[PDB]
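Notes to accompany the following structure.
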Amino acid sequence: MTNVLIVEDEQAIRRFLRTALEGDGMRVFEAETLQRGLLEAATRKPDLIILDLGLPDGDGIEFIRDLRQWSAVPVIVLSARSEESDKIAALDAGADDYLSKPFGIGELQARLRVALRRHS
Amino acid sequence: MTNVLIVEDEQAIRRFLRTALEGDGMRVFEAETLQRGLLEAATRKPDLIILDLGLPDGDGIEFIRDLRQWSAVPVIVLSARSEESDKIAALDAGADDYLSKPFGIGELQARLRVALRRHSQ
Ligand code: BEF
Ligand code: BEF
Ligand SMILES: [Mg+2]
Ligand SMILES: [Mg+2]
């Protein structure tokens, strides 16, 4: 199946994304820390990762920088941080796309499709 | 020879981009109509296109639908149409990214970089 990993500390976000994604026909995995995010990324072979930056054990930008040393999987940042400067940093570190919260599930899922067509 | 095509009808935006994109050492080519745009895409062989949507000779979403039949060049739309369905439409048409005006140039440049790195692969 099309595998998606969500790295987000807040269940309400993770339930909401899963539902929408499982509704669109994707298998979904989860992680609620940065550290557990990296392990799941290396074990579940996700085709796409949705990343949150405000995580309790570190900033997700360190996740993107770790990840990109060993993986080229698409990464969409979904975060409360809305500064232009936050977006620039995360894209340059290696994220592929960035949506601030609050967001529209519709826009997400479409950007999800963009990221899944180009790399695969 | 990293080549950007800007297809945008208001001049001020076009030279705002050129000032920005020429500053990182790229080559920039302008088009003010959808027709002269589609054309430049097929001809100048650019590495990316920044695509306006509100054009005099038709809708940018048709620029994409058409393009995707003969080019795979990354497309980033830059348009004032700030609507969710507008974004979904353009993306589903084969746009790679979408930034609404008004916009920060820094973020447009970082998103341009994503499209270069992902398509050189
Ligand atoms: F905590 Be995440 F960056 F919204
Ligand atoms: F005219 Be563009 F869509 F801003
Ligand atoms: Mg968080
Ligand atoms: Mg216009």
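Ideal geometry is used to build each Cβ from the backbone, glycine not excepted, and the neighbour counts take in all protein chains shown. Just so you know, all these numbers are worked out from the coordinates, no wet-lab data involved.
Please verify whether A:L112 is more than 14 Å from chain B (Cβ to nearest Cβ) and of a type in the set (A, V, I, L, M), treating the condition exactly as stated.
no
Could you please find all residues in segment B:32-71 being in contact with a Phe, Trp or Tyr (Cβ under 9 Å, 6 or more places away or on another chain) and more than 20 Å from B:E10 (Cα to Cα)?
Of everything in segment B:32-71, those that are in contact with a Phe, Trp or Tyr (Cβ under 9 Å, 6 or more places away or on another chain) and more than 20 Å from B:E10 (Cα to Cα) turn out to be B:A42, B:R44, B:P46.
If you scan segment A:78-95, which residues turn out to be assigned to a helix (DSSP H, G or I) and under 13 Å from the mean Cα position of the chain (by Cα)?
Scanning segment A:78-95 gives A:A90, A:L91.
Can you report the number of residues in segment B:12-65 which are more than 20 Å from B:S120 (Cα to Cα) and in a loop (DSSP other than H, G, I, E, B)?
Total satisfying the criteria: 8.
Report yes if some residue within segment B:30-53 is touching a strand residue (DSSP E or B) at 6+ places or on another chain (Cβ under 9 Å) and farther than 23 Å from B:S71 by Cα; otherwise report no.
Among the residues of segment B:30-53, not one is touching a strand residue (DSSP E or B) at 6+ places or on another chain (Cβ under 9 Å) and farther than 23 Å from B:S71 by Cα, which makes the answer no.
Would you pick out the residues in segment A:67-98 that are in contact (Cβ under 8 Å) with a residue 24 or more places away in the chain, in contact with a helix residue (DSSP H, G or I) (Cβ under 8 Å, 6 or more places away or on another chain) and surrounded by fewer than 17 Cβ atoms within 10 Å (Cβ to Cβ)?
A:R68, A:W70, A:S71
Of the residues in segment B:44-66, how many are surrounded by fewer than 20 Cβ atoms within 10 Å (Cβ to Cβ) and either among the aliphatic types (A, V, I, L, M) or more than 11 Å from B:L5 (Cα to Cα) (or both)?
8
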